[PDB]
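The structure appears below as structure tokens.
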Amino acid sequence: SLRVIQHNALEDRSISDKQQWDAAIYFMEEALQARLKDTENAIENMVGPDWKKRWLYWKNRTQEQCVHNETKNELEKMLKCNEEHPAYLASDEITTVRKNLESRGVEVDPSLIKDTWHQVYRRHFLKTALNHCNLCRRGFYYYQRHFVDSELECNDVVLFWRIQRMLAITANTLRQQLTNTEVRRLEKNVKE
Amino acid sequence: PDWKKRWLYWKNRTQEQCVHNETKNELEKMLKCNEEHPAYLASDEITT
Amino acid sequence: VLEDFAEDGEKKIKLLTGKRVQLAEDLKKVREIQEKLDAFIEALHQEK
Amino acid sequence: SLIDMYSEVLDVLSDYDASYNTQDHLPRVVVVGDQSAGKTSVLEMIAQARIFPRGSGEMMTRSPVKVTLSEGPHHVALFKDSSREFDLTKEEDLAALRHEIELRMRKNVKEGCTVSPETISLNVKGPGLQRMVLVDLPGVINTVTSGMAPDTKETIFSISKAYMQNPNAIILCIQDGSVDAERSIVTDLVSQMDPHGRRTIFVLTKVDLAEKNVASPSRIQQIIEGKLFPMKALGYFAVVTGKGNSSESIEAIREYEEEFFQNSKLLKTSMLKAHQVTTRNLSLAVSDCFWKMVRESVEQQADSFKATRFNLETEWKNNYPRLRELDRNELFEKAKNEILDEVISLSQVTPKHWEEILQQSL
Amino acid sequence: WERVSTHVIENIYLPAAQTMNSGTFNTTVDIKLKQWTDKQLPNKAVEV
Amino acid sequence: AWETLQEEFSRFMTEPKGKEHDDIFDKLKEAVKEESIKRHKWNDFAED
């Protein structure tokens, strides 16, 4: 019955309320902020102090964290020059990156280069998602009417709202079925 | 024209000579970073 | 010309190679295959 | 009945596309052999009729051939798109069937190519047959012919891999008396792809020819008992399909095989199991396994195809939110209507503007 | 939601990390959701 | 006159007034226009 109800729970697919749209925006913003904090914690664990935190002491430096900082700076410059880049890394791109690193006397294993590239790619898409959320915070006029020449396509908000309502329906069904059957089963077991 | 000869006018520039000047500057920087280099050019070096 | 094109579906297949045409043809073929399989299942259930 | 409908479904799946996307879902028993390995005689003996034309070295079979074993009112053969019942008894009918098969093979193969992706569907009916579908493929080659397409071997390998992509595809390996078990490319490929061999059953053909070639009886005993093949097959049976020549009738070969089974030089040595004789038990086991695997496959596909259709519909709707299904007929009708509207608009233009434009241009 | 956020992210965004059209992304999301519901989602919900 | 008619027909067939102007229909329209032009006939009585 739970499987059938979960499959059938595909009723609502769009938001027609400004208040519901704002609530979905706030929930998505909270989730993205949590993800950003997790990514920042992972980056700090991988590298350590960064920017003001690193330069506050001005006398504490480590070669391992210096290599990570140089790789991060190189990837940031690459994104500034080329905003759009495929997730995968080709052989020539890896060779060019390694040659650029070794030009100043830095040798980095390809696995660490790939990991840093993946982390930087994730951070860039997190920033892009944050910018998209900022745009969609005012883009409700475009979203509601769906203009032909729309300058903004807000779909993540709708998807997250659909996920939230489906989860709420599933939780309500689970609670109901529990109260119907499992409470009585537990009472019978306790009595026995 | 190169260096003082090129910049004497300060208003005459050509894309063809600009490309050559940029290539010359890049090669000079490469020699400054790496004084010794083989005469032949490998595929990865050309790609870079 | 229109009659010749209509009386020759091979020409339509050769020319109409757009993404929409191919997707619609694939969807129609999948629907027909599923309908045939449903008919097979119904016939098997009725016979047994 | 069920077998005819299953064959029709397989034919529809094959005609769905020239590639292999949904054709690998339902199980398909495919018979793959070696070039000039006598597999033609074994295939003819399976159908109890000479229907495959013989080839003196040349690869006559260049397109996939579907053989559907079933039982009908008469022991005849009928194609999917044909109405003439090719009898499997009269010599003239057999010759006509072979000529039709050759014509179909030539039509599929392009004028200049060697292997054609088009398949040939044939249904075999008659008493004494089982209920299964057999697929015939060209033998695996090693050398490359300079006078043909250099990628013929690659195409054959790709076709074989696509056919083997089916997890429930039963492979019937056919060898020769002069060809050892390790010399069979098909057997080695099956072992490499299926080390366990829980669904592949080895069948030994032309035992008398191998025995007459001063072979070691210990190797034959080990092969029959299964002490040499690493795969754990469900069983091993040794049969004789004649000498492989083109001058022995089906009845004569059957009588010779029966005589050899009744009196064999290896059965009298008490070195072979008594329950590993004949083919009735093996055929029944193969039929039961095929039926259960096809039932499981169709049970899974009853939901798999629905999910695929739903996903395709969702993709079409998402890619074209403001456009519905546009097939060839509707798009052609819309183009015709647009052409008619353009012609109407052209005819409705004021003649004065035409006169002014023509005068100015001239 | 807190339990399956990581699972949803790694099963949706990780494969569809380079999608450009929103329709293709929505179709992939629907396919993944249907597959999860069919395979093990009720069992995971019951366990939770 | 024939050249002017051909130019008008070509302009009508290829009229990218819409912002999309999908080329799938445009190729078919151009093919039909070329076929009609090649199949068109003239009467000498009209010339006289």
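Residues are named by chain letter and number: chains run A, B, ... in the order of the structure tokens, numbers start at 1 in each chain, and ligands are numbered from 1 in the order shown.
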Please provide the set of residues having any atom within 7 Å of stretch 170-184 of chain D, restricted to only C-alpha atoms, with same-chain residues fewer than 3 positions apart removed, written as a VMD selection string. chain D and resid 28 to 33 37 to 39 187 to 188 199 to 200 202 to 207 209 to 210
Each residue of chain A with at least one atom at most 8 Å from chain E should appear once, together with its nearest atom pair and the corresponding distance in Å (one decimal); atoms considered: only C-alpha atoms; ordering: chain, then increasing residue number; output as CSV.
residue,atom,partner,partner_atom,distance
A:2,CA,E:42,CA,6.5
A:3,CA,E:42,CA,5.5
A:6,CA,E:37,CA,7.2
A:7,CA,E:37,CA,6.8
A:86,CA,E:18,CA,7.2
A:87,CA,E:18,CA,7.3
A:153,CA,E:22,CA,7.9
A:155,CA,E:22,CA,7.1
A:167,CA,E:1,CA,7.4
A:174,CA,E:46,CA,7.8
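All of the residues in chain D within 12 Å of chain A are residues 318, 321 and 322 of chain D, where only C-alpha atoms were counted.
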As JSON, numbers by chain, please: the residues near residue D:88 (cut-off 10 Å, only C-alpha atoms, same-chain neighbours under 2 positions excluded). {"D": [47, 48, 49, 50, 51, 74, 75, 76, 77, 85, 86, 90, 91, 92, 93, 94, 95, 97, 124, 125, 126]}
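When atom CA of residue A:107 is paired with atom CA of residue A:63, their separation reads 11.4 Å.
Near residue C:47, within 12 Å and counting only C-alpha atoms, sit residues 40 and 41 of chain C; 1 and 2 of chain D, not including residues fewer than 6 positions from it in the same chain.
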Keeping N, CA and C atoms, export the residues of the selection given above as a CSV table (one decimal), in the first residue's frame.
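out23.csv written:
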chain,number,residue,atom,x,y,z
C,40,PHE,N,-0.5,-9.9,-26.6
C,40,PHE,CA,0.0,-11.2,-26.4
C,40,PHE,C,-0.2,-11.7,-25.0
C,41,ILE,N,0.0,-10.8,-24.0
C,41,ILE,CA,-0.3,-11.2,-22.6
C,41,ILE,C,-1.7,-11.5,-22.4
D,1,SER,N,0.2,-21.3,-31.8
D,1,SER,CA,-0.4,-20.9,-30.5
D,1,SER,C,0.6,-19.9,-29.9
D,2,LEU,N,1.1,-20.3,-28.7
D,2,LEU,CA,2.0,-19.4,-28.0
D,2,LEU,C,3.3,-19.3,-28.7
Which residues are close to residue D:168, i.e. within 9 Å by only C-alpha atoms, leaving aside same-chain residues fewer than 5 positions away? Reply as a ChimeraX atom specification. /D:24-29,199,290,293-294,297
Residues of chain F within 9 Å of chain D, counting only C-alpha atoms, as a VMD selection string: chain F and resid 1 4 8 to 9 12 to 13 25 28 to 29
Distance table requested - stretch 264-328 of chain D against stretch 12-22 of chain C, cut-off 12 Å, only C-alpha atoms: one row per qualifying residue with the closest atom pair and its distance in Å to one decimal, ordered by chain and rising residue number, as a Markdown table.
| residue | atom | partner | partner_atom | distance |
| --- | --- | --- | --- | --- |
| D:315 | CA | C:20 | CA | 11.4 |
| D:316 | CA | C:20 | CA | 8.5 |
| D:317 | CA | C:20 | CA | 11.3 |
| D:319 | CA | C:20 | CA | 9.6 |
| D:320 | CA | C:20 | CA | 9.2 |
| D:323 | CA | C:20 | CA | 10.0 |
| D:324 | CA | C:20 | CA | 10.0 |
| D:325 | CA | C:20 | CA | 8.2 |
| D:326 | CA | C:21 | CA | 6.5 |
| D:327 | CA | C:21 | CA | 5.6 |
| D:328 | CA | C:21 | CA | 6.4 |
Mind listing the helix (DSSP H, G or I) residues of chain A, per DSSP on the backbone, as a VMD selection string? chain A and resid 2 to 8 18 to 46 52 to 55 63 to 81 91 to 103 110 to 136 140 to 145 156 to 191
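Atom CA of residue A:68 is found 6.3 Å from atom CA of residue A:47.
Atom CA of residue A:84 sits 12.5 Å away from atom CA of residue A:120.
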Which residue is closest to chain E? Choose from D:87, D:313, D:258, D:17 and count only C-alpha atoms. D:313
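Within the 8 Å cut-off around stretch 43-46 of chain B, using only C-alpha atoms and omitting residues fewer than 5 positions from it on the same chain, the listed residues are residues 92, 95 and 96 of chain A.
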Put those residues in a file: N, CA, C and O atoms, as an mmCIF file, in the first residue's frame.
data_model
loop_
_atom_site.group_PDB
_atom_site.id
_atom_site.type_symbol
_atom_site.label_atom_id
_atom_site.label_comp_id
_atom_site.auth_asym_id
_atom_site.auth_seq_id
_atom_site.Cartn_x
_atom_site.Cartn_y
_atom_site.Cartn_z
ATOM 1 N N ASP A 92 45.356 16.488 -22.697
ATOM 2 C CA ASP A 92 46.106 17.702 -23.009
ATOM 3 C C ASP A 92 45.891 18.773 -21.946
ATOM 4 O O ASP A 92 46.827 19.501 -21.597
ATOM 5 N N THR A 95 48.003 17.804 -18.978
ATOM 6 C CA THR A 95 49.410 18.062 -19.275
ATOM 7 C C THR A 95 49.728 19.550 -19.193
ATOM 8 O O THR A 95 50.762 19.942 -18.640
ATOM 9 N N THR A 96 48.848 20.395 -19.739
ATOM 10 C CA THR A 96 49.066 21.837 -19.679
ATOM 11 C C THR A 96 49.049 22.340 -18.242
ATOM 12 O O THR A 96 49.882 23.170 -17.857
#
Can you write out as CSV which residues of chain E fall within 7 Å of chain D, alongside each residue's closest atom pair and its distance in Å to one decimal, counting only C-alpha atoms and ordering rows by chain and ascending residue number?
residue,atom,partner,partner_atom,distance
E:23,CA,D:318,CA,4.3
E:24,CA,D:315,CA,6.5
E:27,CA,D:315,CA,5.4
E:31,CA,D:311,CA,6.3
Neighbours of residue D:114 within 8 Å (only C-alpha atoms; same-chain residues fewer than 6 positions away dropped), as a ChimeraX atom specification? /D:62,148-149,152
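In chain C, the set of residues within 8 Å of chain D (atoms considered: only C-alpha atoms) is residues 2, 12, 16, 20, 21, 23, 24, 25, 27, 29, 30, 31, 33, 34, 36, 37, 38, 40 and 44 of chain C.
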Output the selection as a CSV table (one decimal), in the first residue's frame - C-alpha atoms for each residue.
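Saved file part.csv follows:
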chain,number,residue,atom,x,y,z
C,2,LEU,CA,3.3,16.5,-53.1
C,12,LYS,CA,10.1,11.1,-46.4
C,16,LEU,CA,12.7,14.1,-42.7
C,20,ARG,CA,11.4,15.6,-33.7
C,21,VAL,CA,10.6,13.3,-36.5
C,23,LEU,CA,11.6,10.9,-31.7
C,24,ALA,CA,8.0,10.8,-32.8
C,25,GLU,CA,8.7,7.7,-34.9
C,27,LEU,CA,7.6,6.8,-29.6
C,29,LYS,CA,7.1,2.3,-32.6
C,30,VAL,CA,7.5,1.8,-28.8
C,31,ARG,CA,3.7,2.3,-28.3
C,33,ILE,CA,5.3,-2.8,-29.5
C,34,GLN,CA,3.8,-2.3,-26.1
C,36,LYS,CA,1.3,-5.9,-29.3
C,37,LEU,CA,2.9,-7.2,-26.1
C,38,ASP,CA,-0.2,-6.4,-24.1
C,40,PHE,CA,0.0,-11.2,-26.4
C,44,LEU,CA,-1.9,-16.0,-23.2
Return the neighbours of chain A among the residues of chain F, cut-off 12 Å, counting only C-alpha atoms, as a PyMOL selection string. chain F and resi 18-20
